[PDB]
Amino acid sequence: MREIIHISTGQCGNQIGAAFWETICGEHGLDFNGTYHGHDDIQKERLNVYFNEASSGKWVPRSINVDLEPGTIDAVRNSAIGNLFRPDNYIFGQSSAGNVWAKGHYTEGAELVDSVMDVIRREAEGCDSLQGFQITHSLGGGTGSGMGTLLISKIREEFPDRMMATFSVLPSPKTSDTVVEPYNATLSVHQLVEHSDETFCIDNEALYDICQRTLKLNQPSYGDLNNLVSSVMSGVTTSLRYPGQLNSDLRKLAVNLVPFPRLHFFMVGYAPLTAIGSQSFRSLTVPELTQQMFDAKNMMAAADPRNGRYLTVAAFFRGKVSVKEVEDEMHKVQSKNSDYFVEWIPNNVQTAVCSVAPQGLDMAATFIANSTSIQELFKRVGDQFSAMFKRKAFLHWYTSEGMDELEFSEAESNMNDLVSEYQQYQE
Amino acid sequence: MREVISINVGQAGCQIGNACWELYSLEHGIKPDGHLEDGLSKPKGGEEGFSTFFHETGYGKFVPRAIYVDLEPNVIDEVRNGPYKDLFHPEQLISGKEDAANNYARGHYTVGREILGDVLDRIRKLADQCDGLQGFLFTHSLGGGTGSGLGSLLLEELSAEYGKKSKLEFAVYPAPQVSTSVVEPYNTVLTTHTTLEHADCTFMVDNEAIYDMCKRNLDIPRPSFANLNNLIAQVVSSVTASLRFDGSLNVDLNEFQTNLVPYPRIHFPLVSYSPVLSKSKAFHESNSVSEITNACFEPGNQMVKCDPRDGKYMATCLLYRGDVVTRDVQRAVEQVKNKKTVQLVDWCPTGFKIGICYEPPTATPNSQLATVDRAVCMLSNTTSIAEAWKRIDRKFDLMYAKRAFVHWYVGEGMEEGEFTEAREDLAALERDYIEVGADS
Ligand SMILES: Nc1nc2c(ncn2[C@@H]2O[C@H](COP(=O)(O)OP(=O)(O)OP(=O)(O)O)[C@@H](O)[C@H]2O)c(=O)[nH]1
Ligand SMILES: Nc1nc2c(ncn2[C@@H]2O[C@H](COP(=O)(O)OP(=O)(O)O)[C@@H](O)[C@H]2O)c(=O)[nH]1
Ligand SMILES: [Mg+2]
């Protein structure tokens, strides 16, 4: 379908969400005050993908921002980007989650769960074109991993046939913001794969590299990192937002990008990376994008895929791009680098030409695939999950809520099984 | 016989159909709005044909008897916002809503069945308007399941509905070396069963082969589906040519059943087409039908990724358009037989259906293929064909062995036994198809 709800949760969800709508509104042109600026058919016949034609032609997106920290929304509705969101969608309350996966929903967070379902239910009725639910949060974040994970299960009961897209941000196994980041991530996957259908891997540490290597940025910031993720979220939708020679869809992804059920983790990869200053000495062409998409340095997951093995890649070129420009370049990668692609697929390529182009560039393309090296990202969380809590440290905070030690052990056994799924299915 | 109804299913099918209708209106002097313009001669719009493709209007706004079927609104919207908006009755543009994705379990069933009631009644009303109704002409893809699976159901329904009209089916196949969809072997193989048992004559087109021709014969640096489809449209228009225009040797649509189909099965002719000349060359070029005829056997003009030289000759058809002498094409054929390529099997012993249509070829402004005063369309049941089946069957095998993607079909109305049976029928065809050539 076309009408899709973009749910937001967690301290990072609203941040990435603010930059998300900032880019979506720039494509078809839409002022933050809700004024129409499309030119014209392509920027008018596909405006209901996220907005609604309210009174006086005032367009407002469909997003339910939820968080237990009222101090976060204050820095959005007050400053720029605020008139778009409707005040009735704001659902916030005191105090907070406490940077823990238990209290985030198992106790305190269970109070607002009844209010979030009420707003999402009413919007679902009026929207005669529901398809899925786009969620953006952190895998180890407090309100993101706790209240965000439980929300996926509630929506799964009332919307089983509907899809469920998530943009979780994996932790950094080197520069962690909080010591209780890996622990909260072990419990989020316990219910994520048991409800959601597709989840993208994002790592902030992997962004600082491309920001200083390609973009040539010395001091990145959260305001800039969200732009990179916004380009990915806005890329897997152009087919549904604008016509093209081969319009893909979120459903077509799982039918191809997901071989077997127990495998929802993807590896994003936007391209080309516009280098500040060094963008004029380049030639935007398809052969140049293929060399950057498959580059292990541009991964945002970002385990080295060369060490592992690809499964089903996918590209979404934009702008002035033909059909053979991709089928040829993408096919050459299947020969010289055949050792990295498995044979039982067998075709390891998937295209989806669009029509329009992103603002500021003449052509763009993303990269999404399932590499066998994703298991490495889970081993880092599994080792820290057990090596740190081997002596029962920082565990009384979670057991005091009500969860028993048995509940935390089952979460580790599931992750250990996922690592084996990538060997059956030999690497 | 007289009438023919066109059916487009899925995006690729619709895109190709667009090209065909553009082309047909060009040939008959019909403007983008219909009406008329003028419509005209002998037999431009008509005199008969039309009506053959276009429905007569008491105003002159002629209406293409075409039905567009899709599950994705976007494709049809393109059509509805295109320059040919006025060539279609709006109620012939059967827009869907929720896609079947990719797809067959939904396409031939859980989603597709929800619009067929409308589709079939559309057809029935149209068919009642028609006289004779010699056949239906399907245009679709065997890649995505809407074109494959939905198209399949619709085909079946018309064989049940009538079962006596000619069922043509122009099907686009996956290139053996490259494709845009991972589960395509399932979406293709799962329908070989039904096209086998419900189409009377299928055509197999490979995009890759055509792209080769575009890059090489037409000198195209950057091919496009628009160009590719224009080529296909021209091929389709010739099938067909003598059902609209005057010809020395007129070919009935049923003619192909009589000439190309020796057994109930085997109905999968290859197409080839020439002259394919870029505008830059059509000055140096100037030739006889004997040379054009040679080009038709040349692998470079096959529009299908297989080796006709490997295969043996079963019945074939050479349709000619424009300024063509019947003696000369007989001479040309004789010379071709003497090449001893596509060894003529004893079973024919020769079987060259010659069709001679007086109407010169034409190209729309969207094609850079030069217009010519004569052209040739070739059809053939040459035994090279089973290799295409083998290719896709190996892809099917690897996947199915691990199952993997089977999940997406079984989980929504299917059974693994169905996948097994589809494979078995395909395998059976490879065998039978080989045996009738293998014997001599
Ligand atoms: N010649 C030609 N081939 C096309 C065209 N469009 C698509 N194809 C080919 O047909 C197949 C694509 O089918 P899709 O567009 O994915 O699907 P569909 O058959 O329209 O139906 P769905 O899967 O339900 O969308 C591929 O093998 C393409 O290479 C076209 O305009 N011309
Ligand atoms: N890319 C990105 N990551 C963020 C942003 N904000 C927090 N993060 C990441 O999210 C993790 C922290 O979780 P947090 O969002 O504070 O959790 P919550 O707010 O309690 O749900 C860290 O790994 C951060 O790098 C952001 O705006 N962009
Ligand atoms: Mg389609």
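Chains as they are written, first to last, in the numbering used here: chain A, 1 to 427; chain B, 1001 to 1440.
Think of the CB as a built atom: it goes at the ideal place given N, C-alpha and C, for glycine as much as any other residue.
Alpha-carbon spacing of residue i relative to residue j, whole angstroms
| i | j | result |
| --- | --- | --- |
| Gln-424(A) | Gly-244(A) | 37 Å |
| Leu-1116(B) | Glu-158(A) | 29 Å |
| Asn-247(A) | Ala-352(A) | 6 Å |
| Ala-18(A) | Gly-144(A) | 16 Å |
| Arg-86(A) | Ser-172(A) | 34 Å |
| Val-286(A) | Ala-364(A) | 9 Å |
| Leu-263(A) | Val-321(A) | 31 Å |
| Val-1205(B) | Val-119(A) | 51 Å |
| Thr-175(A) | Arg-121(A) | 39 Å |
| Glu-3(A) | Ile-16(A) | 20 Å |
| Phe-317(A) | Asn-99(A) | 39 Å |
| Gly-1322(B) | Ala-1241(B) | 10 Å |
| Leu-361(A) | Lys-324(A) | 21 Å |
| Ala-296(A) | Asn-184(A) | 28 Å |
| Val-1183(B) | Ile-1392(B) | 11 Å |
Under 7 Å from the C-beta of residue i: neighbouring residues of chain A
| i | result |
| --- | --- |
| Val-1271(B) | Neighbours of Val-1271(B) on chain A: none; closest Cβ ~21 Å, over 7 Å. |
| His-1407(B) | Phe-260 and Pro-261 |
| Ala-1101(B) | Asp-249, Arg-251, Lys-252 and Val-255 |
| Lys-1390(B) | Ordered by position in chain A, no residue passes the 7 Å Cβ test against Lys-1390(B), which lies about 14 Å from the chain. |
Cutoff 7 Å: residue i Cβ touching any chain B Cβ
| i | result |
| --- | --- |
| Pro-259(A) | yes |
| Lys-336(A) | no |
| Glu-327(A) | yes |
| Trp-101(A) | no |
| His-39(A) | no |
| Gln-424(A) | no |
| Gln-245(A) | yes |
| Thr-290(A) | no |
| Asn-14(A) | no |
Below-7 Å beta-carbon distance, residue i vs any chain A residue
| i | result |
| --- | --- |
| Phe-1419(B) | no |
| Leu-1150(B) | no |
| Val-1183(B) | yes |
| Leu-1398(B) | yes |
| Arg-1216(B) | no |
| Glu-1098(B) | yes |
| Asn-1366(B) | no |
| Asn-1074(B) | yes |
Residue i beta carbon near ligand 4 (any heavy atom closer than 6 Å)
| i | result |
| --- | --- |
| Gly-1096(B) | Annotation note on ligand 4: not contained in the displayed structure, which lists ligand 1, ligand 2 and ligand 3 as its ligands. |
Listed by chain order, chain B residues near residue i by CB distance under 7 Å
| i | result |
| --- | --- |
| residue 470(A) | Summary: the structure shown does not reach residue 470(A), with chain A confined to residues 1 through 427, and so no result is reported for it. |
Within chain B, partners of residue i - CB distance below 8 Å
| i | result |
| --- | --- |
| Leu-377(A) | Under the 8 Å cutoff, chain B gives no residues; its nearest Cβ is about 23 Å from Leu-377(A). |
| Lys-324(A) | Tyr-1211, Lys-1215, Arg-1222 and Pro-1223 |
| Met-1(A) | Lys-1097 and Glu-1098 |
| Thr-312(A) | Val-1182 |
In DSSP terms, what residue i is bridged to
| i | result |
| --- | --- |
| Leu-1318(B) | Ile-1354(B) and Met-1378(B) |
| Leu-1249(B) | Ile-1356(B) |
| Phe-1054(B) | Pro-1064(B) |
| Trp-59(A) | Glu-53(A) |
| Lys-1167(B) | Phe-1136(B) |
| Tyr-310(A) | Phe-341(A) |
| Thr-199(A) | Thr-166(A) and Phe-265(A) |
| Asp-362(A) | According to DSSP, which records beta bridges pairwise, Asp-362(A) is partnered with nothing at all. |
| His-6(A) | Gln-134(A) |
Neighbouring residues, chain B, relative to residue i (Cβ below 9 Å)
| i | result |
| --- | --- |
| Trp-344(A) | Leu-1398, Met-1399, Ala-1401, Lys-1402 and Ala-1404 |
| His-331(A) | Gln-1177 and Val-1178 |
Proximal chain A residues relative to residue i, where beta-carbon distance stays under 9 Å
| i | result |
| --- | --- |
| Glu-1078(B) | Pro-243 |
| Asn-1018(B) | Result: empty, since nearest Cβ-Cβ is about 13 Å, beyond 9 Å. |
Would you call the segment 1094-1108 of chain B and the segment 397-411 of chain A touching, i.e. three or more CB-CB distances under 8 Å?
no
Counting Cβ pairs, one atom from each stretch, are 3 or more of them under 8 Å apart for the segment 1376-1385 of chain B and the segment 1403-1415 of chain B?
no
Assess, as a yes-or-no matter, whether the segment 1320-1333 of chain B is touched by the segment 1218-1225 of chain B under the definition of 3 or more beta carbon pairs within less than 8 Å.
no
Answer yes if the segment 5-12 of chain A comes into contact with the segment 51-68 of chain A, meaning at least three C-beta pairs across the two stretches below 8 Å, and no otherwise.
yes
contact_flag[the segment 75-84 of chain A, the segment 265-278 of chain A] where n(CB pairs < 8 Å) is 3 or more:
no
Could you tell me whether the segment 402-422 of chain A touches the segment 1044-1058 of chain B, where touching means 3 or more Cβ pairs closer than 8 Å?
no
The segment 1144-1164 of chain B in contact with the segment 1021-1037 of chain B per 3-pair CB rule at 8 Å
no
Quick check: the segment 1178-1197 of chain B against the segment 1308-1319 of chain B, are at least 3 beta-carbon pairs closer than 8 Å?
no
Taking contact to mean 3 or more Cβ pairs, one atom from each stretch, closer than 8 Å, check whether the segment 1345-1356 of chain B and the segment 1245-1254 of chain B are in contact.
yes
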